[PDB]
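A single chain, nothing else alongside it, follows as structure tokens in the form deposited in one PDB entry.
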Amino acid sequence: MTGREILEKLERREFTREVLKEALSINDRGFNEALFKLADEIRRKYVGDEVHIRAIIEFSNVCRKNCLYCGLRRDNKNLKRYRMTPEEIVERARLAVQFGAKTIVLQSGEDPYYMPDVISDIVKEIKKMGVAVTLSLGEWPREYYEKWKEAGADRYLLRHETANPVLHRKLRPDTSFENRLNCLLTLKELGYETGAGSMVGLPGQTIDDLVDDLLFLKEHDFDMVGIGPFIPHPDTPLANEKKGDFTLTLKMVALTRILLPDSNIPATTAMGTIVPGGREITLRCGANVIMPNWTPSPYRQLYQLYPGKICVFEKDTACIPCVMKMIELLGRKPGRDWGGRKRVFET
């Protein structure tokens, strides 16, 4: 079908593989703009004008895994490794709550040191502050996930990365798509609000792969979906590969919103890294969440999944104020509660 016809099918929610492929393959400006408007309007209708702030503390860059894309991979010897103490992490969380954060995200490499009990202790302390806690710690045994839920954790982010099992295993040689999915299913069973999502523009990833990523997200009806471009890192095997395209990645965000109209979708830091102002554009094309960097110096600059990240030269407390200004200049509002998913049951 033509652009106008694909848009009509999207508006009528005829989400066939062919409609999603054609939406991702058409490069016409008018079509893309209309797709972006559609996603923006669906966002406003379902999740409103509140942009939810998730303050992220990247508390350790130690990792046991060796993912080919990631600057924290275990084989990268050209990176100073760091670990925040549990006291530092709690007090840094308390500062974010003082600054108005209503969710604290704890993210790390897969660092065995904390697992599971030091994380449980931290979570319990942060939960006393009356905020949501989200974990993004990678793949762990069911048992660990269960202990963290009992400790009070509310949400868990585990991007599925790529729904192509062959590409997944090549890029993540310690593990598999099956394992990743099983972790995601376990987290949902345990009562977490669960986040998935993928990178766009991975080496070897095709448009058909991106369609499969959308259908996977739609299948499992995730609470949150984190999408960004692949950004090559010079101390990795994928150093010389092409970066993911911003517009294609933005279309993935827009389609995610159309497919999952009541979901929580961030404007990721990676989007703001590859294009100046990329988060702001993404917030106008389907996204409704922002995750300001709350990692303190001198560690912030050592948490380099990809290079050139924005927010590295700012002061320790700048990023929450910075996103509150962004939200205002976008004519949006800050989140009034924890920003949990508010499901709209349909037919």
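Note that residue numbering begins at 1 and tracks the sequence as displayed. Rigid core (definition): largest C-alpha set, two forms, superposition within 1.5 Å.
According to the PDB record, 270-278 carries the higher mean C-alpha B-factor of the two stretches 131-139 and 270-278. The question of which stretch, 282-290 or 308-316, has the higher mean Cα B factor is settled in favour of 308-316. Ranking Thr295, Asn27, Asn61, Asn66 by Cα temperature factor from the entry places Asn27 first. Out of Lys251, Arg159, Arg155, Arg74, it is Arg74 whose C-alpha atom has the highest B-factor in the PDB entry. In the deposited entry, the Cα temperature factor of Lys170 places it in the highest third of its chain's modelled residues. Among the modelled residues of its chain, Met115 has a C-alpha B-factor that falls in the middle third, as given in the PDB entry. Looking at the C-alpha B-factors along this chain, the one for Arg92 belongs to the middle third. Sort the chain's modelled residues by C-alpha temperature factor and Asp40 lands in the lowest third, per the entry. Placement of the Cα temperature factor of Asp209 within the chain: middle third of the modelled residues, per the deposited record.
There is also a form deposited in another entry; it is not shown, and the following applies to it.
Just a single entry of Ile56, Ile281, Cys63, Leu305 exceeds or equals a 2 Å CA shift between this form and the one not shown, which is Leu305 (rigid core superposed). Core-superposed comparison between this form and the one not shown: the Cα of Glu41 travels less than 2 Å. Core-aligned CA deviation for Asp316 between this form and the one not shown: less than 2 Å. The pair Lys309 and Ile57 is at least 3 angstroms farther apart at the CA level in that other deposited form than in the present model. In contrast to the form presented, in that other deposited form the C-alpha positions of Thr134 and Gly308 spread farther apart by 3 Å or more.
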